[PDB]
Protein chains: 4
Amino acid sequence: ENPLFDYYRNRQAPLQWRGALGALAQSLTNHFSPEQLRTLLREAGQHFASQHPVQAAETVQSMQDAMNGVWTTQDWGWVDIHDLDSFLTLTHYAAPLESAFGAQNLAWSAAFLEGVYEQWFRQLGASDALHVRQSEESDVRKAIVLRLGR
Amino acid sequence: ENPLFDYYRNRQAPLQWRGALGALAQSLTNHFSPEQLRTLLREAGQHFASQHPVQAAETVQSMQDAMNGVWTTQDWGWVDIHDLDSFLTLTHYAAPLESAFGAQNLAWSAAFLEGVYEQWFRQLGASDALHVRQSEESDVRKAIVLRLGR
Amino acid sequence: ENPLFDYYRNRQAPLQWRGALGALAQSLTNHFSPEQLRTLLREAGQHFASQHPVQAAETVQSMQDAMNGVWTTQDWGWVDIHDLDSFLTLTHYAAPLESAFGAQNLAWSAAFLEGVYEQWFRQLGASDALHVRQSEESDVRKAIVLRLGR
Amino acid sequence: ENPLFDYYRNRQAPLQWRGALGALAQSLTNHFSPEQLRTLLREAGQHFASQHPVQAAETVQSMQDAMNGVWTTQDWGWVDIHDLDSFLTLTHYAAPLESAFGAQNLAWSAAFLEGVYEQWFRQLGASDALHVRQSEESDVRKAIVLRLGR
């Protein structure tokens, strides 16, 4: 139940990189504030999305399928998109960020995802007035909730 | 020969983290200079060595055995230590840094190792006057050469 | 909830070996019956336990600590041992067998664990009259329950 | 040179599965003869190729590109195809079979590849008279050489 979920969350990253990435996160936290780390990881996510473009889509389900197709080739969870009235809500499950950088660093590591979807939307013809922002409403460990809005 | 060695070097990191770490390295290079990145990675290596202490050793071969025992549990290559007159030369093989952060970033990513061994020496009674420095003399891709000297 | 647990269970094995091990399991199922596969995987578990011996223990908690210390170096879940009257019950969590060989093959792949603990008990002075057997009472996906009894 | 190549070959498989697959290979060798293991792994390769079909191609370079595109998503080396007169010679580099099942088992584990390309050619309209056979002429460790012939 709780212990099994904790083990799955903590061991999602491989043995080769868990300690190294934890040490890197520790050094980053020592040198920089959480906001600077959020900016850094957002730019990293933009670069990642640039290196892994999504196929052209027209509908919400097609965009979700393209994003999940990109994700499934690297074992990075999956995204569900819901069109609530005018705004799109993106829920990402099984992001391996917690296993690598630690749970307490999810306050900034999650910004990486915020950097990806944004750029992906820029590749799908989304208006520049729209931006992706992380909503601090639900538990970050369970899922990461983002909103594409003005 | 060359292509097989290149493939082995480029694919040492798993598919789950290669793109993410490449994007993170790209963002880090965009924001900070190589010297600041070297300082950051050295502190990261110090934290990594603190989190994974080495068993007490007395001889050079025992120190090598302890360091290799720590390395082999995470698939991070191996170290050979030679005692030339007064100074110790450490040659590290098969560091997965190139596969993760890219070959062109080895100018600073290798500093991570410089941060590890240093702390490990501090754990084995090495005098504070001695420090570990990377010698820019050989090919970085083949092996990483470090000197423990004054 | 259910989808997240399913994703964690299915993606525990790396991308490098998931398809290859699934194909190997398919070929094994086509060629051999479940009982023969159980015997084969039990012998495989015995060999694995021989290659990775456990440190000598005296109490139940120390035995569990040694077994978990062996497991944690390879990301293979963890074991809880309970001494019910005269028999030991071992519950194993987060075995990556399902991610590799598929859920429907857990009827025989779990025998691998039955082969490991047995040998480990033989290394800790357990009487030859005692054997490890898998109890088909609970859900195999949630946890694997084994009994060390006569 | 030699130690680096040996380390890269022996550590291609992750820490999570190296010991388990070695134990499984030991059990398979104890129970079955090499020819039976070759048949089993050939059928496994056919199933793997069925699960991961290649895109339709017309030329030799296009077929090689499709096969390498399938391989590169799972970190399984790469293949080079040469058209010598009437027969196709396939050289596969960086197969992780040796890291998993051991070098001494490459006498049969390589049959897995023999099972894949065969089925792949069956998907590309190759005549049923043509079969893929492993040529025992070169060093298995360096590369795996296969011939598609009558």
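Because only heavy atoms are used, hydrogens play no part in the values below, and waters and symmetry mates are left out as well, while side chains stay in. Proteins come first, then strands; the chains are lettered A, B, ... in the order of their sequence lines, and each starts at number 1.
Smallest separation of non-hydrogen atoms from C:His92 and C:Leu113: CG-CD1, 3.6 Å. The two residues D:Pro14 and C:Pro14 make their nearest non-hydrogen contact at CG-CG, 3.7 Å. Across B:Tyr8 and D:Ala94, no two heavy atoms sit closer than the pair OH-CA, 3.8 Å. Here the shortest heavy-atom pairing between A:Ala107 and A:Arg38 reads O-NH1, 2.7 Å. When all heavy atoms are compared, the tightest approach of C:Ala57 to C:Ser62 is CB-OG, 3.2 Å. For the residue pair C:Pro96 and C:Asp75, the shortest heavy atom distance occurs at CG-O, 4.1 Å.
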From CA spacing to verdict: side-chain contact (heavy atoms from CB on, under 4.5 Å), C:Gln61, C:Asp83: CA-CA 10 Å; C:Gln61 175 72 28; C:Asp83 185 36; over 6 Å; no
Side chain to side chain donor-acceptor pair (under 3.5 Å), that's the test. Do C:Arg122 and C:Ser50 meet it? Break it down for me. CA-CA 10 Å; C:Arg122 295 283 183 265; C:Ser50 179; over 6 Å; no
Show your working on side-chain contact (heavy atoms from CB on, under 4.5 Å) between A:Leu28 and A:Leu40 and close with a plain yes or no. CA-CA 10 Å; A:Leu28 281 169; A:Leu40 183 65; 4.2 Å; yes
Verify side-chain contact (heavy atoms from CB on, under 4.5 Å) between C:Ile81 and C:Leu148, making sure each step is shown before the conclusion. CA-CA 10 Å; C:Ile81 306 188; C:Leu148 173 69; over 6 Å; no
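Proximity of a side-chain donor or acceptor of A:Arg11 to a complementary backbone N or O of C:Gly77 within less than 3.5 Å is not detected. Side chain of C:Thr29 to main chain of C:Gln26: a donor-acceptor pair is present (N/O by atom type, distance under 3.5 Å, no hydrogens or angles). Remark: side-chain polar atoms of C:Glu98 are not paired, donor with acceptor, to backbone N or O of C:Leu106 under 3.5 angstrom. Between the side chain of B:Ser27 and the backbone N or O of B:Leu24 there is no donor-acceptor pair closer than 3.5 Å. At distances below 3.5 Å, not a single donor-acceptor pair connects side-chain atoms of C:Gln12 with backbone N or O atoms of C:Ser99.
Counting only heavy atoms from C-beta outward, the side chains of D:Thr73 and A:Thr73 never approach each other to under 4.5 Å. Annotation: side chain of A:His31 is not in contact with side chain of A:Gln36 (no heavy-atom distance under 4.5 Å). The shortest side-chain heavy-atom distance between C:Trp71 and C:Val116 falls under the 4.5 Å cut-off. Residues C:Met63 and C:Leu124 have side chains in contact (heavy-atom distance under 4.5 Å, counting atoms from C-beta outward). Here the side chains of A:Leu4 and C:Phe5 are in contact, with some heavy-atom distance below 4.5 Å. Contact of the D:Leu97 side chain with the D:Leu41 side chain is not registered, since no non-hydrogen atoms from C-beta on lie closer than 4.5 Å. Contact of the C:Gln119 side chain with the C:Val54 side chain is not registered, since no non-hydrogen atoms from C-beta on lie closer than 4.5 Å. Using a 4.5 Å cut-off on side-chain heavy atoms (C-beta onward), D:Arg18 and C:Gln74 make no contact.
The local environment of CZ in A:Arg147 is sparse, with at most 12 non-hydrogen atoms from other residues, nucleotides or ligands closer than 6.0 Å. For A:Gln104, the CD atom is densely surrounded, since the number of other residues' heavy atoms within 6.0 Å is greater than 12.
Sorted by first and then second residue, the salt bridge (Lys or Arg N to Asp or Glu O under 4.0 Å) pairs with a member in residues 40-54 of chain A read A:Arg42-A:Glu114; sequence neighbours excluded.
Using cut-offs of 30° and 60° for the angle between ring planes, the C:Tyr117 and C:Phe121 rings count as tilted. Aromatic ring orientation, B:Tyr93 versus B:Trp78: parallel (interplanar angle below 30°, classes split at 30° and 60°).
Listed by chain and residue number, C:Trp76 satisfy the ring-ring contact (aromatic ring centres under 6.0 Å, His included) test with D:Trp17 (two or more places apart in sequence, or in another chain). Partners of D:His52 according to the ring-ring contact (aromatic ring centres under 6.0 Å, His included) rule, which considers only residues two or more places apart in sequence or in another chain, are D:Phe48. Scanning for salt bridge (charged side-chain N to carboxylate O under 4.0 Å, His left out) contacts around C:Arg133 gives an empty result, with sequence neighbours left out. A:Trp108 pairs by the ring-ring contact (aromatic ring centres under 6.0 Å, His included) definition with A:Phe101, not counting sequence neighbours. Every residue two or more places apart in sequence or in another chain that forms a salt bridge (charged side-chain N to carboxylate O under 4.0 Å, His left out) with A:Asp6 is listed here: A:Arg9.
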